[PDB]
Amino acid sequence: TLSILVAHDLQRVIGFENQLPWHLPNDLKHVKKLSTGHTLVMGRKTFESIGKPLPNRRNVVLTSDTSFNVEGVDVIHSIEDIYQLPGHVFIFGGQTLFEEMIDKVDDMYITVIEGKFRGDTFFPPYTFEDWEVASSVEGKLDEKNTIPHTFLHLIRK
Ligand SMILES: NC(=O)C1=CN([C@@H]2O[C@H](COP(=O)(O)OP(=O)(O)OC[C@H]3O[C@@H](n4cnc5c(N)ncnc54)[C@H](OP(=O)(O)O)[C@@H]3O)[C@@H](O)[C@H]2O)C=CC1
Ligand SMILES: COc1cc(Cc2cnc(N)nc2N)cc(OC)c1OC
């Protein structure tokens, strides 16, 4: 099963200067919970931002770079390769993978971050005409998690 995993704000911002625009530990716990034991496919800039492969899942990086051979990362050089990956595969970002994949995935796990951040990278527009809300769960706030957010799971109609 092929899924998107993304956090985006009220205007679909995902990213600023190759980093997440917000500090939201609870989103990152959500990401850990969902993707542990599965596979992640991310483009090269997302990989560099994170800087290491994430533990306890297959990390797959998409890059035209044929010298890319990183310890604990599988490399693919085409979108077409994503389909040969076994198991539950999460399209992990960033902008350019989302744009390529949004029409192809079974479902999306979206954290809607309920604020308006400066961004330089966006998730593509989508409509609920196309996507059934399987679930919608308000994120709990505390002093360390102070931005309202909602976890959506959307299934393509
Ligand atoms: N909020 C969220 O949920 C998430 C946010 N982000 C954010 O997104 C931003 C980065 O996004 P973006 O700039 O689009 O970059 P990406 O992370 O998507 O990666 C860009 C690169 O991916 C590689 N790539 C993508 N498509 C292909 C292809 N078909 N063939 C070969 N290589 C390909 C290329 O690498 P090369 O040039 O090396 O060939 C390309 O330059 C960051 O700010 C980051 O913080 C990222 C993930 C999630
Ligand atoms: C695990 O830490 C990171 C995760 C992500 C991707 C990501 C983050 N949040 C959500 N909801 N979905 C995603 N695909 C992107 C990151 O930086 C660009 C990360 O470093 C902080």
# chains A, B, ... in the order shown; residues from 1 in each chain; ligands from 1
>>> residues_near_ligand(ligand="ligand 1", cutoff="7 Å", atoms="only C-alpha atoms and all ligand atoms", output="ChimeraX atom specification")
/A:5-8,14-20,42-47,49,62-65,77-79,92-97,121
>>> select_by_dssp(residues="stretch 75-110 of chain A", states="helix (DSSP H, G or I)", output="ChimeraX atom specification")
/A:79-84,95-101
>>> write_last_selection(atoms="N, CA, C and O atoms", output="PDB file, in the first residue's frame")
ATOM      1  N   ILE A  79      11.168   7.635 -10.417  1.00  0.00           N
ATOM      2  CA  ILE A  79       9.838   7.413  -9.785  1.00  0.00           C
ATOM      3  C   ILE A  79       9.387   5.944  -9.996  1.00  0.00           C
ATOM      4  O   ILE A  79       8.945   5.261  -9.063  1.00  0.00           O
ATOM      5  N   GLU A  80       9.521   5.470 -11.236  1.00  0.00           N
ATOM      6  CA  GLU A  80       9.072   4.126 -11.584  1.00  0.00           C
ATOM      7  C   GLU A  80       9.588   3.088 -10.565  1.00  0.00           C
ATOM      8  O   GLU A  80       8.909   2.101 -10.308  1.00  0.00           O
ATOM      9  N   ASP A  81      10.730   3.328  -9.913  1.00  0.00           N
ATOM     10  CA  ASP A  81      11.261   2.346  -8.913  1.00  0.00           C
ATOM     11  C   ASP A  81      10.443   2.182  -7.661  1.00  0.00           C
ATOM     12  O   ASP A  81      10.547   1.180  -6.957  1.00  0.00           O
ATOM     13  N   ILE A  82       9.686   3.213  -7.319  1.00  0.00           N
ATOM     14  CA  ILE A  82       8.957   3.232  -6.042  1.00  0.00           C
ATOM     15  C   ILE A  82       8.021   2.036  -6.025  1.00  0.00           C
ATOM     16  O   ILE A  82       7.781   1.467  -4.988  1.00  0.00           O
ATOM     17  N   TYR A  83       7.516   1.650  -7.196  1.00  0.00           N
ATOM     18  CA  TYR A  83       6.517   0.559  -7.285  1.00  0.00           C
ATOM     19  C   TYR A  83       7.041  -0.852  -7.009  1.00  0.00           C
ATOM     20  O   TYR A  83       6.251  -1.780  -6.834  1.00  0.00           O
ATOM     21  N   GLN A  84       8.359  -1.008  -6.944  1.00  0.00           N
ATOM     22  CA  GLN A  84       8.959  -2.325  -6.727  1.00  0.00           C
ATOM     23  C   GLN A  84       9.268  -2.516  -5.267  1.00  0.00           C
ATOM     24  O   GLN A  84       9.622  -3.611  -4.844  1.00  0.00           O
ATOM     25  N   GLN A  95       8.509  18.682  -1.454  1.00  0.00           N
ATOM     26  CA  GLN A  95       7.591  19.161  -2.500  1.00  0.00           C
ATOM     27  C   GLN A  95       7.538  18.391  -3.790  1.00  0.00           C
ATOM     28  O   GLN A  95       6.466  18.081  -4.300  1.00  0.00           O
ATOM     29  N   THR A  96       8.696  18.084  -4.369  1.00  0.00           N
ATOM     30  CA  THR A  96       8.686  17.543  -5.713  1.00  0.00           C
ATOM     31  C   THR A  96       8.181  16.082  -5.696  1.00  0.00           C
ATOM     32  O   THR A  96       7.503  15.665  -6.619  1.00  0.00           O
ATOM     33  N   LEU A  97       8.486  15.305  -4.652  1.00  0.00           N
ATOM     34  CA  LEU A  97       7.901  13.930  -4.571  1.00  0.00           C
ATOM     35  C   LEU A  97       6.356  13.964  -4.367  1.00  0.00           C
ATOM     36  O   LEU A  97       5.625  13.223  -5.041  1.00  0.00           O
ATOM     37  N   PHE A  98       5.881  14.842  -3.475  1.00  0.00           N
ATOM     38  CA  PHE A  98       4.417  15.061  -3.306  1.00  0.00           C
ATOM     39  C   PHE A  98       3.731  15.366  -4.623  1.00  0.00           C
ATOM     40  O   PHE A  98       2.671  14.776  -4.922  1.00  0.00           O
ATOM     41  N   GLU A  99       4.340  16.227  -5.467  1.00  0.00           N
ATOM     42  CA  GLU A  99       3.691  16.647  -6.695  1.00  0.00           C
ATOM     43  C   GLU A  99       3.621  15.486  -7.634  1.00  0.00           C
ATOM     44  O   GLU A  99       2.642  15.348  -8.341  1.00  0.00           O
ATOM     45  N   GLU A 100       4.679  14.665  -7.658  1.00  0.00           N
ATOM     46  CA  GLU A 100       4.759  13.509  -8.525  1.00  0.00           C
ATOM     47  C   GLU A 100       3.827  12.395  -8.037  1.00  0.00           C
ATOM     48  O   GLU A 100       3.266  11.650  -8.851  1.00  0.00           O
ATOM     49  N   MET A 101       3.631  12.302  -6.724  1.00  0.00           N
ATOM     50  CA  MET A 101       2.952  11.143  -6.155  1.00  0.00           C
ATOM     51  C   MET A 101       1.460  11.283  -5.770  1.00  0.00           C
ATOM     52  O   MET A 101       0.764  10.280  -5.626  1.00  0.00           O
TER      53      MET A 101
END
>>> select_by_dssp(residues="stretch 4-144 of chain A", states="strand (DSSP E or B)", output="PyMOL selection string")
chain A and resi 4-8+13-16+19+39-43+58-62+74-76+89-93+107-113+121-122+131-138+142
>>> closest_residue(among="A:152, A:110, A:2, A:85", to="ligand 2", atoms="only C-alpha atoms and all ligand atoms")
A:110
>>> residues_around(residues="residue A:41", least_positions_apart="2", cutoff="6 Å", atoms="only C-alpha atoms", output="PyMOL selection string")
chain A and resi 60-61+91-92
>>> write_last_selection(atoms="N, CA, C and O atoms", output="PDB file, in the first residue's frame")
ATOM      1  N   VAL A  60      14.650   5.036   1.605  1.00  0.00           N
ATOM      2  CA  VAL A  60      14.915   5.091   0.172  1.00  0.00           C
ATOM      3  C   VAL A  60      14.986   6.565  -0.295  1.00  0.00           C
ATOM      4  O   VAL A  60      14.059   7.344  -0.069  1.00  0.00           O
ATOM      5  N   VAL A  61      16.082   6.948  -0.957  1.00  0.00           N
ATOM      6  CA  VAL A  61      16.228   8.319  -1.382  1.00  0.00           C
ATOM      7  C   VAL A  61      16.187   8.342  -2.910  1.00  0.00           C
ATOM      8  O   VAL A  61      16.833   7.520  -3.576  1.00  0.00           O
ATOM      9  N   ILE A  91       5.411   7.854   1.005  1.00  0.00           N
ATOM     10  CA  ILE A  91       6.015   9.039   0.359  1.00  0.00           C
ATOM     11  C   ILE A  91       6.220  10.154   1.392  1.00  0.00           C
ATOM     12  O   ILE A  91       5.269  10.687   1.962  1.00  0.00           O
ATOM     13  N   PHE A  92       7.493  10.416   1.706  1.00  0.00           N
ATOM     14  CA  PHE A  92       7.934  11.174   2.909  1.00  0.00           C
ATOM     15  C   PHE A  92       8.244  12.684   2.585  1.00  0.00           C
ATOM     16  O   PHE A  92       8.399  13.537   3.487  1.00  0.00           O
TER      17      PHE A  92
END
>>> residues_around(residues="stretch 103-106 of chain A", least_positions_apart="3", cutoff="8 Å", atoms="only C-alpha atoms", output="list in words")
residues 1, 2, 3, 4, 100, 155 and 156 of chain A
>>> write_last_selection(atoms="N, CA and C atoms", output="compact mmCIF listing (two decimals), in the first residue's frame")
# COMPACT_ATOMS: atom_id res chain seq x y z
N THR A 1 0.87 -1.19 0.00
CA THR A 1 0.00 0.00 0.00
C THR A 1 0.91 1.24 0.00
N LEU A 2 0.57 2.21 -0.84
CA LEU A 2 1.40 3.39 -1.04
C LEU A 2 0.69 4.63 -0.44
N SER A 3 1.31 5.28 0.54
CA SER A 3 0.69 6.40 1.30
C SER A 3 1.58 7.66 1.25
N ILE A 4 0.95 8.82 1.22
CA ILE A 4 1.64 10.08 1.58
C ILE A 4 1.62 10.34 3.10
N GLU A 100 4.68 14.67 -7.66
CA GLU A 100 4.76 13.51 -8.53
C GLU A 100 3.83 12.39 -8.04
N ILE A 155 -8.61 8.86 2.24
CA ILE A 155 -8.53 7.71 1.38
C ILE A 155 -9.10 8.14 -0.01
N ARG A 156 -8.39 7.80 -1.07
CA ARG A 156 -8.84 8.28 -2.39
C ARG A 156 -10.20 7.62 -2.68
>>> closest_residue(among="A:76, A:70, A:133, A:154", to="residue A:108", atoms="only C-alpha atoms")
A:154
>>> residues_around(residues="stretch 144-146 of chain A", least_positions_apart="3", cutoff="9 Å", atoms="only C-alpha atoms", output="ChimeraX atom specification")
/A:23-26,139-141
>>> residues_around(residues="residue A:35", least_positions_apart="6", cutoff="9 Å", atoms="only C-alpha atoms", output="list in words")
residues 5, 56, 57, 88, 89 and 90 of chain A
>>> atom_distance(atom1="atom CA of residue A:138", atom2="atom CA of residue A:125")
21.6 Å
>>> closest_residue(among="A:131, A:136, A:148, A:122", to="residue A:11", atoms="only C-alpha atoms")
A:122
>>> closest_residue(among="A:127, A:39, A:67, A:135", to="ligand 2", atoms="only C-alpha atoms and all ligand atoms")
A:39
>>> closest_residue(among="A:73, A:21, A:86, A:10", to="residue A:120", atoms="only C-alpha atoms")
A:21
